[PDB]
Amino acid sequence: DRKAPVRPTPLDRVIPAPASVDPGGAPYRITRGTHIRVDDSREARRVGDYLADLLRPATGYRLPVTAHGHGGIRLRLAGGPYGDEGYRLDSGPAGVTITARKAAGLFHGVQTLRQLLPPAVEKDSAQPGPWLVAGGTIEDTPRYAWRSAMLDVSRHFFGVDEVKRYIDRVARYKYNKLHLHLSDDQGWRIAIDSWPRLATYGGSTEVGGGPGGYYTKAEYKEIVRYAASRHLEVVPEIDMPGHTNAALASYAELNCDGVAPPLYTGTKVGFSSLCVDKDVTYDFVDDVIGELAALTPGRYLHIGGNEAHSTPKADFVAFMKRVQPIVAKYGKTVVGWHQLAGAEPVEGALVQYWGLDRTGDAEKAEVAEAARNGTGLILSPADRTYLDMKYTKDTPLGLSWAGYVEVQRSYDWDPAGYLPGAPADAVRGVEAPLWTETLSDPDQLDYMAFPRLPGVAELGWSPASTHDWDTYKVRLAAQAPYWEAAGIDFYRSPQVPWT
Ligand SMILES: CC(=O)N[C@@H]1[C@@H](O)[C@H](O)[C@@H](CO)O[C@H]1O
Ligand SMILES: [Cl-]
Ligand SMILES: [Cl-]
Ligand SMILES: [Cl-]
């Protein structure tokens, strides 16, 4: 009875592990006449319609969303100790109620609810159910405010619909930020009016050659809108000064030797660099950042800064000293990979640490020092949360330069004491990056994203006290029938006792 359990799933059996779970009493049962009651507001109805859409196909029920009556499923905004993202979920024969201070909290509550329901909820046709929700109370709030997932759309391009699909994958686990790697050596994926060829030429191909692609302003705005409806703040990244071949290949004038390199379709890194000695370089950067900021309702702008191996240290420092201020000029908060820690991060900046266990002490120290100096830290270790890394030497996709990363390794650590010498309060959160040198279609993204994606979300959300591999793997194992029913391919790790 994997698909349709006789009894409801435990109230605590959800990912991320809720901060507080108190089971008790009988469960709630959704029946054909259940109404979804919300407050009389645009945002309230929005979360209501979202929930209704998730349930209607499998239940076959009408599930009307209204601001009147005592619906069996109630979503209500009210004062409480749940912050901007927390919520309380009460379940019993009298109905299910999700309470929170803001819509994001109600949305997160819904993500928990879909896990309390049986695997059959993932189907597209009416299912027998039963649509049981364990009885009790859940009070949930996040540990970290930065809980993101990154999708590399530069190595292999993924269109708007494919990005919306990935957005829905991550929304399941309460991630609240979507980092889009919009440019690299193999492609430039966002239209810039001031520099037209970046997209029309720089986005013409991808890894392996053939058709590439890019987002027009309208397409990008739609991705941002959709992400916002899933409560994901979009963090766009235009990598500089390295990983800039797409731009360099588009405008010869940007190159040091004034010669535009060919479009790149390989899978290596570190060979490209903007010419730090030319003034046109900074006009280019200013125009791009200004236009990107205009399309970014979010608070952050990622300027990358990684693997600029063709940029001498001194030039890299000079470059960053000059470009960082540009971000604030357009009202945004700068974010960069941890190499930025060696180039004097400006006030308010955040750096994304992608180091490994084996990374040298000197490098880790430079990052820890930045944290001491007030720089916020986003943790995404290459040997922990890089979803493109192989599980084992036999994995058919992905890379292995950072070693192999099985499910336990990806999950089994604590962000608070990860980077030696780094102040715990400097850690803003975590991120799970999905690089695409080896992934060209949505199904391949899923196989590399699952089952590690939920684990990283837990690290960003759950209390340290709830962290434990032996009990977590049981909760992860329970996701099997849901993913199977949803058509989400995933790596059946032998470390997990799959249900
Ligand atoms: C921040 C950074 O260095 N990014 C690189 C990225 O260019 C590459 O696609 C990936 C392959 O796994 O390795 C990452 O470390
Ligand atoms: Cl999904
Ligand atoms: Cl190559
Ligand atoms: Cl390489």
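Every number for a ligand or one of its atoms is a count from 1 in the order of the listing. All residue numbers in this chain count up from 1 along the given sequence. Just so you know, these numbers use all the heavy atoms, side chains as well, and skip hydrogens, waters and symmetry mates.
- Salt bridge status for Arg165 with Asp443: present, with a side-chain N to carboxylate O gap under 4.0 Å.
- A salt bridge does not link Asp412 with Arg409: every distance from a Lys NZ or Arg NE/NH1/NH2 to an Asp or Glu carboxylate oxygen is 4.0 Å or more.
- Counting only heavy atoms from C-beta outward, the side chains of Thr296 and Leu301 approach each other to under 4.5 Å.
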Side-chain donor/acceptor pairs under 3.5 Å, residues 220-228, sequence neighbours excluded:
from, atom 1, to, atom 2, distance (Å)
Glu222, OE1, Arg225, NE, 3.0
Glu222, OE2, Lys164, NZ, 2.7
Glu222, OE2, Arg225, NH2, 2.8
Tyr226, OH, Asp168, OD1, 3.1
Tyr226, OH, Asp168, OD2, 2.7
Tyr226, OH, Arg230, NH2, 3.1

Could you list, one pair per line, each nitrogen or oxygen of ligand 1 together with any protein nitrogen or oxygen closer than 3.5 Å, giving atom names and the distance rounded to 0.1 Å?
from, atom 1, to, atom 2, distance (Å)
ligand 1, 3 (O), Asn306, ND2, 3.0
ligand 1, 3 (O), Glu307, OE2, 3.3
ligand 1, 4 (N), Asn306, ND2, 3.2
ligand 1, 7 (O), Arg155, NH2, 3.1
ligand 1, 7 (O), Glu307, OE1, 2.9
ligand 1, 9 (O), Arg155, NH1, 2.7
ligand 1, 9 (O), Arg155, NH2, 3.4
ligand 1, 9 (O), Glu437, OE1, 3.1
ligand 1, 9 (O), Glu437, OE2, 2.5
ligand 1, 12 (O), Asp388, OD2, 2.7
ligand 1, 12 (O), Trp401, NE1, 2.9
ligand 1, 15 (O), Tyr386, OH, 2.9

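- Between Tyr418 and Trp413, the ring centre distance stays below 6.0 Å.
- A donor-acceptor pair shorter than 3.5 Å cannot be found between the side chains of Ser493 and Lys473.
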